[PDB]
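If you want the building blocks of each chain, they are given just below.
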Amino acid sequence: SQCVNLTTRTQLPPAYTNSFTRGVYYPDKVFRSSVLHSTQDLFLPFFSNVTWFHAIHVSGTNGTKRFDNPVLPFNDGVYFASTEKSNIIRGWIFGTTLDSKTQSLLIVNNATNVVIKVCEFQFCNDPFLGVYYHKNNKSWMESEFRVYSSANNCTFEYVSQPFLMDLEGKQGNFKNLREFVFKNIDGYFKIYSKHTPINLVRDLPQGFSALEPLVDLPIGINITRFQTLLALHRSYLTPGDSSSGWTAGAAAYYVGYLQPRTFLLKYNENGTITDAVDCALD
Amino acid sequence: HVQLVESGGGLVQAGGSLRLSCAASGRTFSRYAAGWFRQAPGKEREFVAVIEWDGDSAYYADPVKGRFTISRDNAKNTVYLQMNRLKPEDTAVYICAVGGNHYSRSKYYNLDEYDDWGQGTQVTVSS
Amino acid sequence: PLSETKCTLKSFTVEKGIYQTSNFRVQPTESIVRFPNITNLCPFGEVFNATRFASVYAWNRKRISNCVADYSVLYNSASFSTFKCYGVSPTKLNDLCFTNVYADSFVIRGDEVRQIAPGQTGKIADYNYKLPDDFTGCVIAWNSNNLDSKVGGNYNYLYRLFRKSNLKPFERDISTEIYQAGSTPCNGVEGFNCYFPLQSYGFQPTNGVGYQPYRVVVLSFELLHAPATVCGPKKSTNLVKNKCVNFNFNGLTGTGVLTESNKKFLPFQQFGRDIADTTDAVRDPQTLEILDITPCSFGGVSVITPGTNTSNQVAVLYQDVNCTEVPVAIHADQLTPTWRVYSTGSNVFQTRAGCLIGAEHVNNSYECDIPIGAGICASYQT
């Protein structure tokens, strides 16, 4: 849990991609049947340039060693598209100064349950989580937690019931996509989530999906920056004998910024959103 | 140190009106509910009045019910007791106390439920 | 209704035809209010029935948030000797919400409960616990001699009497530093002008009321710019259906008739509107179902009558209403042998334009005399 600087970081120019029609969520908790409605709110613009962050470490000749945990400003709203196979992406942290001076928020899956805390944390420069593949047990266990060092002066706390999942690294294309929308409006932290089974590696497929409001956090603190807590498997125990090392499984994510815009949302007879059209598109 | 000072007392003619002012100096005057009590020679000590921080609801004893008025001023950190239609039987020493808000009727007769104790002022009626 | 027609037309002679006179509406019976089931009670039971109690120098602080504060469960017991509150009266603390609650609990002497009064300065009111300049809670205390007193006594409870200066508010200073004076500073020992701040309590049945141990819990409500999380309980009445009423569902106020529907709302959706941006369906907060809101019945009142010269027989037409709400929608309260006879009877006929009372339905067809709507005509002649 100690704060240690992460060395052997390879600089690589930022990459951007197209968000297409993704990022549409329910503006409120109203029900409409085969109704078109114009809502002015913080929405992700269609076909916007969303920043792409990679997480991979080849070993043949490139020496990529991609591991991004940046300091992205929160702004009005955040859209996060996380594609993975074996729950490589572990959580997020938000805050203004990301220290004990101001108030900070954390959400993370601890490989047993999802936990949401609002504590005056002591986040390091590159907080992360690790998973160890012990050969004796022939299983993957989570025994690495170095996100922070202290949680003094804490107000909110939430721990869900224990879950269960497989941490074994899968080989092939991505098989899981999670879309999240974070808003900090009127002293209310609103989170919209959506899940999708997928089979691909890049260039997100054409289609439409609606992000259902998962949880609401009644925290009136100010959020201006955020970082992503990513998991990786140590490469020094099994795949190495020279010195200490670590590698990251094949994963990537996309970050986009919400904008105040008017969107035309269509609701079918089942009450869900079928398609959306942004007036400021063309 | 919430120092309590009493003023406005003395000797007044019968049939007039009187105003007793109790000023409390301190940083927690608003947290105090103001109680007023009386003491006269040859008579047992009896509760007189009590007023809360806001002053909307106040409680007075049955013998002094509907005869005297109580008011507060947080800006001036002062409490005022107005005596109207004064009688010679009211010649006594009045004491103001600050601290704690009470809702039990039987607990208003105890002076041990207040933070600081003052000195009081003497009120006399001349016939 | 001939009289109403004459009053509306301002003429004692009424020509043959139909005339609209007034309007009728349906009022809510008393009220309806509903709210989600209360299943997030604050953990006040643990504090109420705590097995172990903390000493004054280690007075215990508890955070309370995101739960409903139902103080009635302890208020109805009335087993607490001291039930003093400040900021909000105990009988009216339900109708306001706070974002956090501090619960400071300890065990002191019986006569020292007044030392926990807000704003007091003293040996115990300054050197053991301190409070800010504003309070919105209670200082509750009760006797604890039944459990805290045992044969042989106890010496695990300590109180502070000597210290350099007053404690900072909302601080628990757990220190054993020996107080020193400038006249004769010991500087390392416990000599003159140097004594241990903490002394042990004396627990024994022979102790008086003042010396009897008392459990004191002080609760402080607080609200900030952040959204409130500790709200008082809200009572929800029984849900009625097929009856006009003024309903309050999760703070949404409407008036109408709640009827069972078959709409399949989303799990996160609470209510649902229509194209005209008006509330249409509501999900019951307690149990999961969808109820549509019919905006009452109401409508216009039209009088069907021939010319006054021909006769005085009249008929009553109600617009956009079934032939079941007529005796209730502001009726059966007028003069009996005139208006009450035109609200019920065997002459009640149901038409597409509404309900008609005072005319007989005949299968035969004749030339139209008094049109009503949707191919309906009333004629005085048999």
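Residues numbered from 1 in each chain as written, not as in the entry; some residues may be left out. Chains lettered and ligands numbered in written order. Part of a larger assembly, values for the part shown. Heavy atoms only, no water.

**What to know about the packing of aromatic side chains**
What counts is decided by this rule: Two rings from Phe, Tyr or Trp (for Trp, the six-membered ring) form a pair when their centres are within 6.5 Å of each other. A pair whose planes differ by under 30 degrees is stacked, one over 60 is edge-to-face, and the rest are tilted. Going along the chain from the N terminus, every DSSP run of H or I of four or more residues is numbered as a helix, and every run of E of two or more is numbered as a strand. A ring is considered to have a charge above it if a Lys NZ or an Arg CZ atom is located within 6 Å of its centre and within 35 degrees of its normal.
A full pass over the atoms with the stated rule returns 50 aromatic pairs over all chains. Taking the centre distance of 6.2 Å and the plane angle of 65° together, the rings of A:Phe20 and A:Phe47 count as edge-to-face. Remark: A:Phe47 occurs in the loop between β2 (35-43) and β3 (49-56) and A:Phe20 occurs in the loop between β1 (15-18) and β2; sequence separation between them is 27 residues. Of note, C:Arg109 hangs over the ring of C:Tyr159, and the distance from its end group to the ring centre comes to 4.9 Å.

**Here we look at unusual backbone geometry**
The condition is simple: Working definition: with a 1.4 Å probe on protein chains only, accessible area under 20% of the residue-type maximum means buried, over 50% means exposed, and in between means partly exposed.
Its identity is not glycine, yet A:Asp203 carries a phi of approximately 35°, on the positive side. Assignment of secondary structure puts A:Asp203 in the loop between β13 (188-196) and β14 (212-217). Phi angles above zero are rare outside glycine, and B:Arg85 is one such case at about 55°. Relative to the assigned elements, B:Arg85 resides in the loop between β8 (78-83) and β9 (92-98). Residue B:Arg85 is classed as exposed on the basis of its relative accessible area, which comes to 62%.

**Quick word on empty space enclosed by the protein**
Going by this rule: Here the term cavity refers to a set of points on a 1 Å grid, laid over the protein atoms alone, in which a 1.4 Å probe fits but cannot get out; the term pocket refers to an open set having protein on both sides within 12 Å along at least five of seven lines, with lining residues being those that place an atom within 4 Å of a point. Grid points are joined across faces, edges and corners, and a volume is the space filled by probe spheres set on the points. In the scheme used here, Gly and all other residues not listed as nonpolar or charged are polar, with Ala, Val, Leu, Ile, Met, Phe, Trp, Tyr, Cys and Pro taken as nonpolar and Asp, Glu, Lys and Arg as charged.
For the structure on display, the rule yields eleven cavities of 30 Å³ or more. The volume enclosed by the largest cavity comes to roughly 100 Å³. Along its surface, the largest cavity is lined by C:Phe44, C:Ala69, C:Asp70, C:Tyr71, C:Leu74, C:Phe83, C:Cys85, C:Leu93, C:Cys138, C:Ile140, C:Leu219 and C:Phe221. Along the lines of polarity and charge, the residues of the lining of the largest cavity split into eleven nonpolar, no polar and one charged. In this structure, the second largest cavity occupies an estimated 90 Å³ of space. What lines the second largest cavity is a set of 13 residues, and nearest its centre among them are A:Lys65, A:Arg66, A:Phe67, A:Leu232 and A:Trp246. Tallied by class, the residues present in the lining of the second largest cavity amount to six nonpolar, four polar and three charged.

**Observations concerning the UniProt feature "disulfide bond" in chain C**
Residues and elements named next belong to chain C. The condition that has to hold: Here, a disulfide means two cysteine sulfur atoms that sit within 2.5 Å of each other. UniProt positions are given in the numbering used here, feature names are shortened, and annotations may be inferred rather than shown by experiment.
You can see the UniProt disulfide between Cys-85 and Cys-138 is made here, since their sulfurs are only 2.0 Å apart, below 2.5 Å. Here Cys-138 lies in strand β5 (residues 137-138) and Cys-85 lies in the loop between α3 (72-75) and β4 (100-109), a separation of 53 residues in the sequence. Take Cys-85 and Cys-138: they sit in the same class, and that class is buried. For the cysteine pair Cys-323 and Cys-355, annotated in UniProt as disulfide-linked, the sulfur atoms lie 2.0 Å apart, consistent with the bond being present. Taken as a pair, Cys-323 in the loop between β16 (315-319) and α6 (336-339) and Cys-355 in strand β18 (residues 354-357) lie far apart in primary sequence, 32 residues in all. With relative accessibility at 21%, the residue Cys-323 sits in the partly exposed group.

**A word on a nonpolar patch on the surface**
This is how it is decided: Like charges within 9 Å and nonpolar side chains (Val, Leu, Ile, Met, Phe, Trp, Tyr) within 5 Å are joined into patches, using only residues over 30% in relative accessible area that form no salt bridge. Method for areas: the Shrake-Rupley scheme with a 1.4 Å probe, in which residue coverage is limited to the protein chains shown. Basic side-chain nitrogens of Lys or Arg form a salt bridge, by our definition, when they fall within 4 Å of a carboxyl oxygen of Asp or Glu.
On the surface, a nonpolar cluster with roughly 250 Å² of combined accessible area is contributed by A:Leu36, A:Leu264 and A:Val277. Along the chain, A:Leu36 falls in strand β2.

**Some words on the state of the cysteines**
All names here are of chain A. One pass over the full model with this rule turns up nine disulfides over all chains. Residue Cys-3 pairs covalently with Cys-124 via a disulfide, S to S 2.0 Å. Measuring handedness by torsion sign, the sulfur bridge of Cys-3 and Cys-124 sits at about -85° and is left-handed. Linking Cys-3 in the segment before β1 with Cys-124 in the loop between β8 (114-118) and β9 (129-134), this pair joins segments that are 121 residues apart in sequence. Two residues, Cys-119 and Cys-154, share a disulfide whose sulfurs are 2.0 Å apart.

**With respect to the sheet that holds strand β1 (residues 3-7) of chain B**
Sheets are built from strands paired through backbone hydrogen bonds, the pairs being either parallel or antiparallel. All names here are of chain B. Our working definition: The criterion for strand pairing is that DSSP finds at least two bridges linking the strands in question. Interaxial angles span 0 to 180 degrees and are taken between N-to-C directions of axes, which are lines fitted to C-alpha atoms, for helices over the stretch in contact.
Reading across the sheet, the four strands line up as β1-β3-β8-β7 and stay open at both edges, with antiparallel pairing between neighbours. The sheet terminates laterally at β1 and β7 (68-73), the two strands that pair on one side only. Ignoring which end each strand starts from, the neighbouring axes of this sheet average 15° apart. In terms of strand pairing, β1 meets strand β3 (residues 18-25) through five bridges, oriented antiparallel. When the sheet's bridge partners are listed, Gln-3 is paired in β3 with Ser-25.

**Brief notes about the pattern of salt bridges**
Between side chains of opposite charge, a pair can form when the charged atoms approach closely. Per the counting criterion, the structure on display carries 19 salt bridges over all chains. Put simply, A:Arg9 and A:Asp126 hold a salt bridge, and the shortest N to O gap is 2.5 Å. In this pair, A:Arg9 is assigned in the segment before β1 and A:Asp126 in the loop between β8 and β9, connecting sequence segments 117 residues apart. The salt bridge partner of C:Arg61 is C:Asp104, with a shortest N-O separation of 2.4 Å. Of the two residues, C:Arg61 is situated in strand β3 (residues 60-64) and C:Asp104 in strand β4; the sequence distance between them amounts to 43 residues. A residue is classified by how much of its surface remains accessible, and C:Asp104, at 2% relative accessible area, is buried.

**Quick look at the sheet that holds β16(C)**
Residue and element names in this part refer to chain C. Inclusion rule: Any two residues having at least one pair of non-hydrogen atoms within 4.5 Å are treated as being in contact.
An order of β1-β15-β16-β18-β17 is seen for the five strands of this open sheet, with the pairing classed as antiparallel. Of all strands in the sheet, those bounded by a partner on one side alone are β1 (17-23) and β17 (349-351). Adjacent strand axes in the sheet meet at a mean angle of 25°, parallel and antiparallel pairs treated alike. Examined bridge by bridge, β16 and β18 share four bridges and lie antiparallel to one another. Bridge pairing in β18 places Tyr-318 opposite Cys-355. Its contacts with the sheet put helix α1 (residues 2-9) on β1 and β15 (300-305), and the angle it makes with β1 is roughly 90°.

**Quick notes on the interface of chain B and chain C**
This is how it is decided: Buried area is a sum: the accessible area each of two parts loses on coming together, probed at 1.4 Å, counted once for each and added. Side-chain atoms alone can form a polar contact between residues adjacent in sequence; in general such a contact is a pair of N or O atoms within 3.5 Å, and within protein one must be able to donate a hydrogen while the other accepts it.
Taken together, the contact between chain B and chain C spans 18 residues of the former and 23 residues of the latter. In this assembly, chain B packs against chain C so that about 1700 Å² is buried in total across both faces, 44% of it on carbon and sulfur atoms. For chain B, the biggest contributors to the area lost against chain C are B:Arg27, B:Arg31 and B:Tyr103; these three give 44% of the whole. Put simply, C:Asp133 and B:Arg27 hold a salt bridge, and the shortest N to O gap is 2.5 Å. Counting the contacts that link chain B with chain C gives eleven residue pairs in polar contact.

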